[PDB]
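Asker: There's a structure below that I have some questions on.
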Amino acid sequence: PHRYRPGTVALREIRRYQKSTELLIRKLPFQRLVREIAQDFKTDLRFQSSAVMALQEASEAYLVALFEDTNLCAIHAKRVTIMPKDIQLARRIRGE
Amino acid sequence: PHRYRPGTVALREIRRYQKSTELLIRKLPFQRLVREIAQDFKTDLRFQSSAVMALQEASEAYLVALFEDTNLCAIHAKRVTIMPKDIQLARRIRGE
Amino acid sequence: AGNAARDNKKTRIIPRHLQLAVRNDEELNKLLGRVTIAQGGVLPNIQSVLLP
Amino acid sequence: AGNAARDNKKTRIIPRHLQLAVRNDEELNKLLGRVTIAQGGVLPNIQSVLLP
Amino acid sequence: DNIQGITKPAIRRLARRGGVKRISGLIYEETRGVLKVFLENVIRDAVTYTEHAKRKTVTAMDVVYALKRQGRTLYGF
DNA sequence: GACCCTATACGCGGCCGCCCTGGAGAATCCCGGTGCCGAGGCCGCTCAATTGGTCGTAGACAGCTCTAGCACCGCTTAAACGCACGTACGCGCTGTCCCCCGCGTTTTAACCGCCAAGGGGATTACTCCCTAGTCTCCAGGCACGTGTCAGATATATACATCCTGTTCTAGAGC
DNA sequence: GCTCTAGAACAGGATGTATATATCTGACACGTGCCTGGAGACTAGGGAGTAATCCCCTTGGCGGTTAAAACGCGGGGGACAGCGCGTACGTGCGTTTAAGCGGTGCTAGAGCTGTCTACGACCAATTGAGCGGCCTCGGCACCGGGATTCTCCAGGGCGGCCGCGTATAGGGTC
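Protein chains in written order, with the authors' numbering: chain O, 38 to 133; chain S, 38 to 133; chain Q, 66 to 117; chain U, 66 to 117; chain T, 24 to 100.
Dropping the structure here:
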């Protein structure tokens, strides 16, 4: 049962997902979540495909940048595992 | 002689400098620093007193916010002291 | 700001009261998050781990 | 972007190449810092403590 | 020499206003450096604003516009 | 005063954890071959600009002038920077049991291929009521004078907390 | 059972922040003296509204297939702290020291005034390539094949610590 180390495949996935620009969240769940969020604002609202696409690109970019900031917070705290306190600190630093 | 524990004088200074809005940075050194910085861009450049005041207020508020983020990062790292790495992390998250 | 001045035992609004009014209320702090008020200072708050 | 494509050997400019070109130059990094580039990803940077 | 003109107790008071209990000894130089960088950016913007108006003195008004164009708007001026 | 025994530290040999090296399964890059769909080039053709003079003008401009910032004059009291004692901690190591990662399996919904189809963005023919411009002016509005009360600086004195002194009671020793 | 060490909590003294006037210069804001700027009201034609398709395109419906997510499972990783510590600030000081404030110019400079030349959308008109659409073509997507190396198990070299041999100074004895 050859098994790789818990942390080498992590770095390999980091390199793979940093080199590639393919999107990570599937389009259908993100579209459904966008419709769920928007149904509280406007009743019977339609989303064009390019609108959902752009929203997905922006959302993944924001999440990726926040993940780099939380990772930097983790290494700053002499740690490897990110925790929701890192996300809260990163949000509060930018005043979000 | 009377001795105070490390921290209560610090907390008292925190309180007394947070209730009042006095000018912590002295006028003359900040003015001299402003003239020194501006002399590299434009020679024989003047600064009215209200301009120096405004720049000093903006700088002091910015440095206070940066120190707040620095202390926030220090508490996130389970640390009481604030280190230059904390300032670097806060500026990197803030994109400065 | 007048409410903050009332908690400050004075009846004239001065910019520290305006800063306290802006930062205390959530929506005005969020609106003026990237906004700096001169002669205003900051909120008088102390972190939990700092107190003995 | 053409230089980044040369390092990648593709003869066509890709949004990844444009993102690499934007975020590699320092002046372009501070100019376009608050700017999102679609289908661009990020730089493959890994901290030294993470690498074995 | 005016970069060191600002004082260590001034930086301590600045951190006290920021709710910091204690300050490390090697952060004073880093705070001075980042303050120099911020002042350099704001002063460069104000110098460009002053030179655009055919003016030789940096008024307070274009300073608050220089700060506001950087997302750091100043009130009271 | 000299000889023998004994405790102590210095030098040397041995062992084991620490620090590395091949074999092999597997992730990733270069390459042989194909393709087809996206990118580059060409045919009309249709929509914004510039040359031929334009004119009220946004700007430019010499004399002036008017409020003021920089240079240094003694200082005066908030202060800062050099030094010593100590108690808050930063951060290398610490054992471990809970927390996260890595193949296996299933299942589970995402991506895809084609089509009805009904609500919705775009612009043409036409109209409308509401918006830029101009003539006159008057009540809302900007700048100078000044009384004084809200606020600023300050001494003295009261309630509140820190601390050192002291009294009392519990427990070990003879 | 008698004598005595030591921990523990209020008792009063020291010090800190804070209320209470005492007062004092200081600008808040009304009064006033104007004053400039939109309110009232034509003139009217340019942008917005209404429709009127119009299409178009995004929502939903038939699944098919399969990359991927959810299910625990197993061993390795490591996040959250307790102790000693030493080490780098916290907190006091005596000493600088340089920053805070005020009177008297002073001309650099920012407007400021009235004056002077150049300057850009339009008065009306193309026209030459921008772009929709069509033809062509080529380069990375796709499919495997193969090489290189990433990296986890299960064996070979290497230095620090402990035990032992031995030199040496101190003490006992005749």
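Think of the CB as a built atom: it goes at the ideal place given N, C-alpha and C, for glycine as much as any other residue.
Would you tell me roughly how many angstroms separate the C-alpha atoms of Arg116/S and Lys64/O, rounded to the nearest one?
Answerer: Reading the second sequence from its first residue, position 79 is the one you call residue 116/S. Reading the first sequence from its first residue, position 27 is the one you call residue 64/O. Taking the straight line from one Cα to the other gives about 42 Å.
Asker: Decide if the stretch 85 to 96 of chain O is in contact with the stretch 46 to 56 of chain T; the criterion is three or more beta carbon pairs, one per stretch, under 8 Å apart.
Answerer: Per the Cβ contact rule, the stretch 85 to 96 of chain O is not in contact with the stretch 46 to 56 of chain T (fewer than 3 Cβ pairs under 8 Å).
Asker: Buried or exposed: which applies to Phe84/O, given that a residue is buried once 16 or more other Cβ atoms fall within 10 Å of its Cβ?
Answerer: Here the question's residue 84/O lines up with position 47 in the first sequence. Under this definition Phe84/O is an exposed residue.
Asker: Mind listing the chain T neighbours of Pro117/Q? Cutoff is C-beta to C-beta under 9 Å, in chain order.
Answerer: The sequence position of residue 117/Q within the third sequence is 52, counting from 1. Simply none; closest approach about 10 Å.
Asker: Grab me the residues of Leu83/Q's own chain with a C-beta within less than 7 Å of its C-beta, minus the 5 sequence neighbours each way, in chain order.
Answerer: Start at 1 with the first residue of the third sequence, and residue 83/Q comes out as number 18. Excluding positions up to five away in sequence, the list reads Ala66, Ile102, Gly105.
Asker: Taking the alpha carbon of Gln55/O as the point to measure from, which residue in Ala98/O, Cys110/O, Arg131/O has its own alpha carbon closest?
Answerer: If you number the first sequence from 1, residue 55/O lands on position 18. Of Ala98/O, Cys110/O, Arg131/O, the residue nearest in Cα terms is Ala98/O.
Asker: Quick one: any contact between the stretch 28 to 45 of chain T and the stretch 63 to 80 of chain O, if contact means 3 or more CB pairs under 8 Å?
Answerer: no
Asker: Mind checking if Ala103/Q is an interface residue toward chain T, Cβ cutoff 8 Å exclusive?
Answerer: By one-based count along the third sequence, residue 103/Q stands at place 38. So, interface residue.
Asker: Would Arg42/S count as contacting chain T if we go by Cβ distances under 8 Å?
Answerer: Here residue 42/S refers to the residue found at position 5 of the second sequence. So no, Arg42/S is outside the interface.
Asker: To the nearest whole angstrom, what separates the beta carbons of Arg81/Q and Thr45/S, a pair I think is in contact under 8 Å?
Answerer: The sequence position of residue 81/Q within the third sequence is 16, counting from 1. The sequence position of residue 45/S within the second sequence is 8, counting from 1. Taking a contact as a CB-CB distance under 8 Å, the pair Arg81/Q and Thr45/S does not count as one, their CB atoms being some 25 Å apart.
Asker: Let's test the definition: count the other Cβ atoms within 10 Å of the Cβ of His113/S and tell me whether it reaches 16, buried, or not, exposed.
Answerer: Counting from 1 along the second sequence, the entry for residue 113/S is found at position 76. So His113/S ends up on the buried side.
Asker: Going along chain S, which residues have a C-beta under 7 Å from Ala127/O?
Answerer: Indexing the first sequence from 1 puts residue 127/O at position 90. Result: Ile130.
Asker: Can you find a CB in chain O that lies within less than 8 Å of the CB of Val107/U?
Answerer: As a working note, residue 107/U is residue 42 in the fourth sequence. So, interface residue.
Asker: Applying the criterion that 16 or more other CB atoms from any shown protein chain within 10 Å of the CB defines a buried residue, is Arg53/O buried or exposed?
Answerer: Taking the first residue of the first sequence as position 1, residue 53/O is located at position 16. It is exposed - the Cβ of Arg53/O has fewer than 16 other Cβ atoms within 10 Å.
Asker: If I'm right that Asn108/S touches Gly94/T with Cβ under 8 Å, what's the distance once you round it to whole angstroms?
Answerer: In the second sequence, counting from the first residue as 1, residue 108/S sits at position 71. In the fifth sequence, counting from the first residue as 1, residue 94/T sits at position 71. Going by Cβ atoms, the distance from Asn108/S to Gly94/T rounds to 22 Å, so no, they are not a contact pair.
Asker: Provide the residue span of the alpha helix (DSSP H) that contains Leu65/O, from first to last.
Answerer: Taking the first residue of the first sequence as position 1, residue 65/O is located at position 28. Here the alpha helix (DSSP H) through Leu65/O covers 64 to 75.
Asker: Taking only runs of the alpha helix (DSSP H) that begin and end inside the stretch 65 to 96 of chain T, which ones reach a length of at least 4 residues, in chain order?
Answerer: 83 to 91
Asker: Any heavy atom of the ligand NAD closer than 7 Å to the CB of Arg40/T?
Answerer: Ligands are entirely absent from the displayed structure, and the ligand NAD is therefore not among its contents.
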